[PDB]
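Numbering (PDB author numbering), first residue to last: 5 to 174, 183 to 360.
Just so you know, even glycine gets a beta-carbon here, dropped at the ideal spot from N, CA and C.
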Ligand SMILES: CNC(=O)c1cc(-n2ncc3cc(Nc4c(F)cccc4Cl)c(CN4CCC4)cc32)cs1
Ligand SMILES: CCCCCCCCO[C@@H]1O[C@H](CO)[C@@H](O)[C@H](O)[C@H]1O
Ligand SMILES: CCCCCCCCO[C@@H]1O[C@H](CO)[C@@H](O)[C@H](O)[C@H]1O
C-alpha cells in the first residue's frame, strides 16, 4: 500500500498516494470533484476524480459501483481509460471514498470552440473520433447519455477522448440532450448519443450552440423549430391522446432546410447532420453507419474501428443492500490492474 498524504483544495479534502503531486483543481460539480496532478511515477499529468458521498444512499452506492464497472471496462483510444483506482481505507469497514485517475488531456471542446474557428478537416477528424469511440461504447450495449463539449477533450494533435459517462438511469446542461430523454420516453435507443453528436458537430461548424435553451420547455421549443413538429409516422407511435392533441395544437412547423441553416458548410457535413438530427430516434444514423459516411473518407478504416468485449451489466437489474453495493465496489477497487506502459514510454 502506498503512503497517502492529505491536502485541502477549494474546501475539499484530498487523500492521495505520495506519487501524485502538484494537485490543482480543474473543477467542482455535484457529479464529482476533479483536480489535475503530476504523477511522479510516470512523468505525466493526470486527472483525479473524487467520488462524493459514494455510499450515502442506495442510489449513490449503486451509482458508485456503476461508474467504476463502466470505467474499468473502457479500453479504447478515444474513450477515457483508468490508470489507477484507489482509496485511503485499508479495510472494507473503513472504506468510504473512491478516487479515479486518468490521463490529463490538453483542453476540452468548449475551450477549443472558444479558442479557434475550426476548419472542415478539423471537424471531420474530431467528429470521426467521437463516432469511433461511440461505436466501441455502443458495441458493449452501453449508452453514454451525456455527450457534450465539457465531456470531450483533446491533446495537442487534436486526438480526442470521450470522458465522464451519464450515470442516471430510469449543473447539467440540456443543450446536447435528445428530446426523448427530456420527455421521459423511458425506452432509449443508443441513438440518443447520435443526437448529441449532431448538436456538437453543428457547434464545431458554426462556433455557436445549436439549441441553447434557457430551460426545459425552451429547449424543446428550439429543437422543434429546426427539425419541425412531429410527422404522421412519428405521431403513430405516441399512445397518449392528450399528448397528440397538444402537439397538433402547436403552430405546425416544417423542418428547416439544413442546407440553408448551415450555409457555407461542406455539403457532405450537412448531409450527415440531417441524418443525425432526426426527431424519430428509429430513423437516426448509427455510429457504425456514420463512420462509413463519405464525410469521413479521409479517416475511415474498417479494420481499425474496434469493438468492445462483452460487458456484464446484470447488476443494473439488482435491488441490493447498501452494504452489498459497498462490498462489491471495494472488491472492484482491490482487483483493479493498471494498464501497461505504452511501448513509446520505454526505451531499448
Ligand atoms: C489543461 N487541461 C485541461 O484543462 C482539461 C483536461 C480535462 N480532463 N482530462 C481528462 C479528464 C477526465 C475527467 N473525468 C475523470 C477524471 F478526472 C478521472 C477519472 C475518470 C474521469 Cl471520467 C474530467 C472531468 N470531467 C468532468 C467534465 C470532465 C476532466 C478531464 C478536462 S479540461
Ligand atoms: C404533452 C405533450 C408531450 C409530448 C411528449 C410525447 C409523449 C411521449 O410519451 C411516451 O409515449 C410513449 C409511447 O406511447 C410511452 O411508451 C411512454 O410511456 C410515454 O412517456
Ligand atoms: C414534441 C416532442 C418531440 C419528441 C419526439 C421524440 C421521438 C423519439 O423517437 C422515438 O424514440 C423512442 C425511444 O425513446 C422510440 O421508442 C420510438 O420508436 C421513437 O419514435
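Count the other CB atoms within 10 Å of the CB of residue 134; is the residue buried (16 or more) or exposed (fewer)?
-> Position 130 of the chain shown, counted from the first residue, corresponds to residue 134. Label assigned to residue 134: buried.
Under the criterion of a Cβ to heavy atom distance below 7 Å, does residue 255 qualify as lining ligand 2?
-> Your numbering for residue 255 matches position 243 in the chain shown. Correct: residue 255 has its Cβ closer than 7 Å to ligand 2.
Exposed or buried, what is residue 302 when buried is set at 16 or more other beta-carbons lying within 10 Å of its beta-carbon?
-> Looking up residue 302 in the chain shown gives position 290. Buried, by the Cβ-count rule.
Taking the runs of the beta strand (DSSP E) that are 3 residues or longer, which of them lie wholly in the segment 22-46?
-> 24-33 and 36-43
Is the CB-CB distance between residue 23 and residue 45 below 8 Å?
-> The residue given as residue 23 occupies position 19 in the chain shown. The residue given as residue 45 occupies position 41 in the chain shown. In contact: residue 23 and residue 45 (Cβ atoms closer than 8 Å).
Among residues of its own chain, excluding the 5 on either side of residue 170, which ones have a beta-carbon nearer than 7 Å to its beta-carbon?
-> Residue numbering aside, residue 170 sits at position 166 when the chain shown is read from its first letter. Same-chain partners within the cutoff: 148, 149 and 150.
Hey, would you say residue 344 sits closer than 8 Å to residue 72, going by beta carbons?
-> By 1-based counting over the chain shown, the position of residue 344 is 332. By 1-based counting over the chain shown, the position of residue 72 is 68. In contact: residue 344 and residue 72 (Cβ atoms closer than 8 Å).
Element boundaries [alpha helix (DSSP H), containing residue 283] = Walking along the chain shown from the start, residue 283 turns up at place 271. Taken as a continuous stretch (DSSP letters only), the alpha helix (DSSP H) holding residue 283 covers 279-288.
If you follow the alpha helix (DSSP H) that residue 235 is part of, which residue opens it and which one closes it?
-> Position 223 of the chain shown, counting from 1, holds the residue named residue 235. Boundaries of the alpha helix (DSSP H) harbouring residue 235: 228-239, taken from the DSSP string.
Taking only the alpha-carbon atoms, compute the straight-line gap between residue 68 and residue 341 and give it to the nearest angstrom.
-> In the chain shown, counting from the first residue as 1, residue 68 sits at position 64. In the chain shown, counting from the first residue as 1, residue 341 sits at position 329. Each residue's alpha carbon lies about 7 Å from the other.
Among 215, 96 and 164, the one whose alpha carbon lies nearest that of residue 120 = Translated into positions along the chain shown, residue 120 becomes position 116. The option with the nearest alpha carbon to residue 120 is 215.
Tell me, which residues are paired with residue 12 by DSSP?
-> Here residue 12 is taken as the residue at index 8 of the chain shown, counted from 1. Residue pairing by DSSP places residue 12 opposite 17 in a beta bridge.
Output the distance between the C-alpha atoms of residue 188 and residue 221, rounded to the nearest integer angstrom.
-> As a first step, residue 188 is located in the chain shown; it is residue number 176 there, counting from the start. As a first step, residue 221 is located in the chain shown; it is residue number 209 there, counting from the start. Spanning the alpha carbons of residue 188 and residue 221 requires a straight line of approximately 9 Å.
Cβ-based burial, residue 358 [other Cβ within 10 Å; buried from 16] = On the chain shown, residue 358 is found 346 positions in, with the first residue counted as 1. Residue burial is scored here from C-beta neighbours: residue 358 has fewer than 16 other C-beta atoms within 10 angstroms and is therefore classed as exposed.
Report yes if the C-beta distance between residue 242 and residue 291 is below 8 Å; otherwise report no.
-> For the purposes of this step, residue 242 is identified with residue 230 of the chain shown, where counting begins at 1. For the purposes of this step, residue 291 is identified with residue 279 of the chain shown, where counting begins at 1. With respect to the 8 Å criterion, residue 242 and residue 291 are classified as neighbours on the basis of their beta carbons.
Taking only the alpha-carbon atoms, compute the straight-line gap between residue 438 and residue 12 and give it to the nearest angstrom.
-> Because residue 438 is not part of the residues shown, which for the chain are 5 to 360, the question remains open.
Is the closest heavy atom of ligand 2 to the C-beta of residue 258 under 7 Å?
-> Within the chain shown, numbered from 1, the residue matching residue 258 stands at position 246. The answer is yes for residue 258.
Quick one, are the C-beta atoms of residue 55 and residue 339 less than 8 Å apart?
-> Here the question's residue 55 lines up with position 51 in the chain shown. Here the question's residue 339 lines up with position 327 in the chain shown. Against a cut-off of 8 Å, the Cβ pair of residue 339 and residue 55 comes out as no contact.
On a CA-only basis, which of 101, 132, 270 and 89 is nearest residue 81? Give me that one, please.
-> Translated into the one-based positions of the chain shown, residue 81 becomes position 77. Ranking the options by Cα distance to residue 81, first place goes to 132.
Determine the DSSP secondary structure at residue 127, reduced to helix, strand or coil.
-> Counting from one through the chain shown, the residue named residue 127 turns up at place 123. Looking at residue 127 - three-state DSSP - the assignment turns out to be helix.
Short Cβ contact (8 Å threshold) for residue 207 with residue 284 | Within the chain shown, residue 207 is the residue found at index 195, counting from 1. Within the chain shown, residue 284 is the residue found at index 272, counting from 1. No, they are not a contact pair.
Would you kindly work out how many angstroms separate the C-alpha atoms of residue 130 and residue 143, rounded to a whole number?
-> Numbered from 1 along the chain shown, position 126 holds the residue referred to as residue 130. Numbered from 1 along the chain shown, position 139 holds the residue referred to as residue 143. When rounded, the distance between both Cα atoms is 20 Å.
In terms of alpha-carbon separation, which member of 158, 146, 64 and 236 lies closest to residue 126?
-> Residue mapping note: residue 126 aligns to position 122 of the chain shown, counting from 1. The residue with the shortest Cα to Cα distance from residue 126 is 158.
Return yes when at least one heavy atom of ligand 5 lies under 7 Å from the C-beta of residue 230, else no.
-> With respect to ligand 5, the structure offers nothing, as its ligand set consists of ligand 1, ligand 2 and ligand 3.
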